[PDB]
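So this one's two forms of a single chain, laid out as structure tokens and tagged structure 1 and structure 2.
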Structure 1
């Protein structure tokens, strides 16, 4: 469970143990199923929804360390580098699950199924419409977000990349960790995008991490609205800022997307200089010089609680999806 249980750990089969004896390995798939198997932060109890998000993200590693100490005692040993990489993966996966349930509750409201009240969040004021449904896509590592686009838009990028290569120029690259896109019209009556998950069980982990495959080749460029980069400890400042401008140049510029925004989530920013740096206007918006300009990175967001993450994403959808007819 979210709180460590000796009886639940004892009932775990060897394939379910959060610590895999090989040196020892942190089985993050079992860590999420053990800690968040019945708890989606922000959509659970009031104590968990209002808990410090750093303690919520750090709970699976703390539960795994307790299990390894129980079974192996002083033999159990993991490096700080291993505990850091897993915590960063959990920070991204858990936050993506919160946004997934936000989209599910949002999509339910858009199709006319009302506003779920447990837990209590402010009902969006935007007029409901099935065409305003969204999909939260946790993108794998080194994933080409161009593959999300419809074939006629991939050909524009492919011809543009080929022409630049003939002049010795490279197509600027960009790899966000997550993308929020308008739900394709052919999927606006599929109930899977409206169902909130009760916890990060193994089937639900596969559902969320693989949802990007369902939308490959089906997204219009203008339907991409938000990209997210997860840095558990933002030391490493200019790659997201550069890649945010790259996405806006290719989507808003070469593909005519109305607005493509970018934000960085972090748990411990190293100073306040990163907030000033991320106030910079989008380089493409300044280059076009015609339409209204927004920042390359809309916010350096430090989630205090999981409920604030859900509230903030609900407010984003209520304001951003108004631009969709």
Structure 2
């Protein structure tokens, strides 16, 4: 569970355990002795807890201590089974804390979408835990999907095919001069739910925790929307970076620029909203780096130039994350006609 439990750990089958001993099943060309079983770790620590939709104490706690609990639980497990032999490289803790920050934040946002969508189709406002009721007029057309995108992905594949064709034709032209314009991905996109899906229940159901089936339901969701999203209906992009270093700030900044050039410049979309979430900004003048104007915006020199990155948000608690997303939906969905 969230608080480590000796008994609950004893109850695990060897394949569900957080530390996997691989001393006698080594990986070709790695010295790894113990693997941190990320998916096991989410199931044990967040099996019946989504932060922000759990107890008041978990919802209000320093979000860093929350995102850090899985690794801390896994090290206690490893120390119990293997004592002085237990060791893990800091680059395993780094990899796993990254994925954990992303998957858990994305799950908080998923439950916000479900509460939001439930209101929009006429079912009122679930009241535990307590959050401000949105004041925007409910409409099934204002529902949204939270898509944790896979490690490797190309966000263009979310678009209806006619929009993919406008992008393809643009690149065709660049190819004749030996140039390209590749697109990669944010960590997460929120999109307006396509009309064909506005009576499906799955988008309105809050999950109770990161059980292996809920992990898969959440991580596979993008496959359902691929091919179905209009350029204007990509409502928020999010990169997640557990901590910052000044040389790791650039991927979101570049991708945001490319998203703006293509969605706004080539497909008529309104302002693309892209933001970055971290738990440890400090040591960097990251807030200053992310004030940069869109390069596209500058190159066209239209009446209003916006930032490529709308904000660097540092969530202090899971409740805060949730409250911020609700306030964002409440404002951004005005723009979608009821």
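Throughout, rigid core stands for the largest set of C-alpha atoms superposing within 1.5 Å between the two forms. Residue numbers count along the first chain shown, from 1.
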Overlay on the rigid core first, then point out the one of 52, 62, 38, 288 whose CA is displaced 2 Å or more between structure 1 and structure 2. 288
Fitting the rigid core first, would the Cα of residue 138 be found 2 Å or more away between structure 1 and structure 2? no
So, does residue 122 move by 2 Å or more at the CA between structure 1 and structure 2, with the core held fixed? no
Given a superposition on the rigid core, I'd like a yes or no on whether residue 217 shifts its C-alpha by 2 Å or more between structure 1 and structure 2. no
Rigid core fit between structure 1 and structure 2: Cα deviation of residue 174 in angstrom: 4.0
After superposing on the rigid core, how much does the Cα of residue 104 shift between structure 1 and structure 2, in Å? 0.4
Give me the C-alpha shift of residue 242 between structure 1 and structure 2, core superposed, in Å. 2.0
